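Take a look at this single chain in structure tokens; it is the form deposited in one PDB entry.
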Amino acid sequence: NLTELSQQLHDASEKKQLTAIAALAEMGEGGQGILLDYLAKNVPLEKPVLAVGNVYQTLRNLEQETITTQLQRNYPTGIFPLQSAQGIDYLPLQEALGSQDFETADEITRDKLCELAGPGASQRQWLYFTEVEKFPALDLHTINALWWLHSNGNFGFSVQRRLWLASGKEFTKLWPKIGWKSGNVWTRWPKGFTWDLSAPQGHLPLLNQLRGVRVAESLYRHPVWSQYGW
């Protein structure tokens, strides 16, 4: 029933929107048309809205020529403003996420964080915790929004932060929860990681622990999360 499923999508219950979206996408032209109209009425986003990310990504994931063409033409930069306090280009990150190429997205994200930190970090290819503390909130919001919107809320530093808070800020409890350690065994980069949505909540983006937790803690304590309601 397309009418009733459309109504379910346009009602205000997030949980019921998500089941309606999944059903509509499998209902051919009529269902896909309802989803395309939902994007037209809700994109560009101002604030991240999970259901809108799910509509976009569900349609991309069909990998059908005409839908993909239409999405690229109407939403060439995706659904979320690609804003940066340093003029950085986040389109390649968006493109990797829209293709569900999470490994490429992780690599791009790591490079962009060094670019954001400046020439010293770009040169050495790793961060100091004080550089993280000084990141502009806007860039972290753009980066996180893309991860979250393109992963059904499963990925993003905001997701890790809330799991870290749920763990009493105990990093040794966080690592197993996000799949980065299994008992005594550290998940080996890159081959040990799960580069798809079967991964546990918070699995990506990665934060190497070779130089300790200081970068991750500074990232999770950054004012961006409270500022933007993450």
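Just count from 1 along the sequence shown to find any residue number. For clarity, a rigid core is taken as the largest C-alpha set superposing within 1.5 Å between two forms.
- Missing-residue comparison: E14 falls in the unmodelled set for a third or more of the other PDB entries checked.
- Averaged over their C-alpha atoms, the temperature factors of 67-75 and 119-127 are higher for 119-127.
- Per-stretch averaging of Cα B factors for 164-172 and 43-51 places 164-172 on top.
- Annotation for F135: C-alpha temperature factor in the highest third relative to the rest of the modelled chain, per the entry.
- The PDB entry assigns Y56 a C-alpha temperature factor belonging to the lowest third of its chain's modelled residues.
- Per the deposited record, the Cα B-factor of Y38 falls in the lowest third when ranked against the other modelled residues of its chain.
- Annotation for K112: CA B-factor lies in the highest third of the chain's modelled residues.
- Annotation for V185: C-alpha temperature factor in the middle third relative to the rest of the modelled chain, per the entry.
This next part talks about the form deposited in another entry, which is not shown.
- Superposition of the core reveals a Cα shift of 2 Å or more for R124 between this form and the one not shown.
- Relative to the superposed rigid core, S182 undergoes a CA displacement of at least 2 Å between this form and the one not shown.
- In a rigid-core overlay of the protein, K191 has its C-alpha displaced by at least 2 Å between this form and the one not shown.
- Cα-Cα spacing of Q123 to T109 is reduced in that other deposited form versus the present form (difference of at least 3 Å).
- Relative to the shown form, the CA atoms of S182 and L210 are brought 3 Å or more closer together in that other deposited form.
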